[PDB]
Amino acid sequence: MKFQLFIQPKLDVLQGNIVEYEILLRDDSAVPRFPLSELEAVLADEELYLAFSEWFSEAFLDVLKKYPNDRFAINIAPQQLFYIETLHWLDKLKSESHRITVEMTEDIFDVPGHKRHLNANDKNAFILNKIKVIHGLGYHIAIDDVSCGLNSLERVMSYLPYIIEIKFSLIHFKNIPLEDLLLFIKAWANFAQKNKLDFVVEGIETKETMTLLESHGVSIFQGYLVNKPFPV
């Protein structure tokens, strides 16, 4: 209803090649924005979540068909994993998982009501299990926006068996002096290397910035330029 898909090509900072396309939810707005309140309303009702899920999986499959040679990243909030429908549509798209990355978002949404009786430890176990399942289906799993939301180092550590990628988004950290932010970037870069994970830095304004990040010992990673998403 109030929903549509956008794509953001993810462009390598140094040579500008398209590494993958990320899929983004947007509203039907004058100027489309992420539909935060609408997705939360859907997440709070199993029947609406089922309709949303049917829409999303079909629309996304249409995109996969239209670009059959490329990798697609989709965003899934951990709280989505409390609905079996989420895993059911990942299962139905599983012939394409070799070219799909599931970016687990940093979002803290209200847990669907039929799983609210679980304590905090049992909730984390349930989610980790579902991440196991997604990994088992052969999706690449990435942690999105690390050091944001609930994507703290502890969480990244719990997900670690099942992930291939850590993403750090400069955009989420505007007001931190870069020389201060650089120490967190260096920490995550080293973590990624030690654990044979790909490290991605998103929201890099120019190649100038790359070199900037380059002096202060961030050696191995993929950088993505800032660019506007657009309708699919």
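Start at 1 and count along the sequence shown; that's the residue number.
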| task | On mean C-alpha B-factor from the PDB entry, just flag whether 30-38 or 178-186 is the higher one. | result | 30-38
| said: So, looking at the entry's B-factor column for Cα atoms, which has the higher mean, 133-141 or 118-126? | reply: 118-126
| query | When the CA B-factors of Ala192, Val201, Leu50, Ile171 are compared as recorded in the entry, which is the largest? | reply | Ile171
| request: Ordered by C-alpha B-factor within the chain, which third holds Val226? Give me lowest, middle or highest, please. | output: highest
| query | When the modelled residues of the chain are sorted by Cα temperature factor, does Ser158 land in the lowest, middle or highest third? | reply | highest
| task | Could you say whether, by C-alpha temperature factor, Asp91 belongs to the lowest, middle or highest third of its chain? | result | highest
| Ranked C-alpha temperature factor of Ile7 among modelled chain residues, by third | middle
| request: Would you mind ranking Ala73 by its C-alpha B-factor against the rest of the chain and naming the third, lowest, middle or highest? | output: lowest
